[PDB]
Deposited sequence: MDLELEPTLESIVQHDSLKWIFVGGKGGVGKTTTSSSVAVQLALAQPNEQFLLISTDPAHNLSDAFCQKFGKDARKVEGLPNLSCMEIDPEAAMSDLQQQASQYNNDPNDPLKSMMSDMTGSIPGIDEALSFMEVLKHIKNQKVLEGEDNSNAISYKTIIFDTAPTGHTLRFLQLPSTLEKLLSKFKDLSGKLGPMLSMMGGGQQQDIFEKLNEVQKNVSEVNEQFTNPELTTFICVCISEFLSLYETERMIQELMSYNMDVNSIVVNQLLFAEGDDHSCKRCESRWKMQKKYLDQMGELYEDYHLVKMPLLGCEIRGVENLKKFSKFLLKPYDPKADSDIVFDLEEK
């Protein structure tokens, strides 16, 4: 079977991973995706300890989790096996690389043997379906491949789906690039994630978002999620 599952299932069930990097253009949903992945990992294996670290020069994790984080790791309230860390420079470390274009200088020696080992390290690209993000995602992947960092999954986030005149017009754009991505990323897990009815904040909402990272979102059947955030 040549059609890869459009999910992060292969990554979250990849028991040997030590590093899960998350990268992409500013605003595409790296805080959201990296936090949701970390929440899923923590929930699935409650006896193992997970760290979510962000290099974003922002209180991104703090605002997403509604809890104060910093340079020292601190456990997430309600998920005692997940810690978060915000540092402007564990079974698995999930690593939001914001700003990705700069952090890709930092990821540059026994750590390197870890990074270039596909059994220990993967890099999830996040993008939105518009020209700049797509083309910068292509560029980022080419660069990661040249440094032998594994990439097998790409999240396309903030999608509107079939069917509001503005939304119809915007979906016309989105699907044009989505169709292009389908072809570009045939050898990849290409996860289609919908735009929700509000920002994604708090552990409960992050958990809900993470559901469709692991099971393919069907806009005809699953659209309650858009309005299901509290």
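- For this chain, the deposited residues without C-alpha positions form the stretches 1, 91-155, 175-219, 275-279, 347-348, given in sequence order.
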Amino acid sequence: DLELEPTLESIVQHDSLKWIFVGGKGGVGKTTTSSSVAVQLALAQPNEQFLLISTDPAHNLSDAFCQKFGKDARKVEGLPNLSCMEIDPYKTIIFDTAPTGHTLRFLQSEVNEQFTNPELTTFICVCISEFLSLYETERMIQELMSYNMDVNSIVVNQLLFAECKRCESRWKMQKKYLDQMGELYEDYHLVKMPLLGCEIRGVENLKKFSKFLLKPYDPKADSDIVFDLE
From here on, numbers count along this sequence of modelled residues.
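- Higher mean CA temperature factor between 74-82 and 120-128: 74-82, per the PDB entry.
- For the pair 2-10 and 220-228, the record assigns the higher mean C-alpha temperature factor to 220-228.
- Comparing C-alpha B-factors across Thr97, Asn152, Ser133, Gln108 in the deposited entry, the largest value falls on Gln108.
- The deposited CA B-factor of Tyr185 belongs to the middle third of values across its chain.
- Among the modelled residues of the chain, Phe161 sits in the highest third by CA temperature factor in this PDB entry.
- Ranked by C-alpha B-factor against the other modelled residues of its chain, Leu196 falls in the lowest third.
- In the PDB entry, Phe50 places in the middle third of its chain by CA B-factor.
- Residue-level temperature factors show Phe65 in the middle third of its chain, judged at the C-alpha atom.
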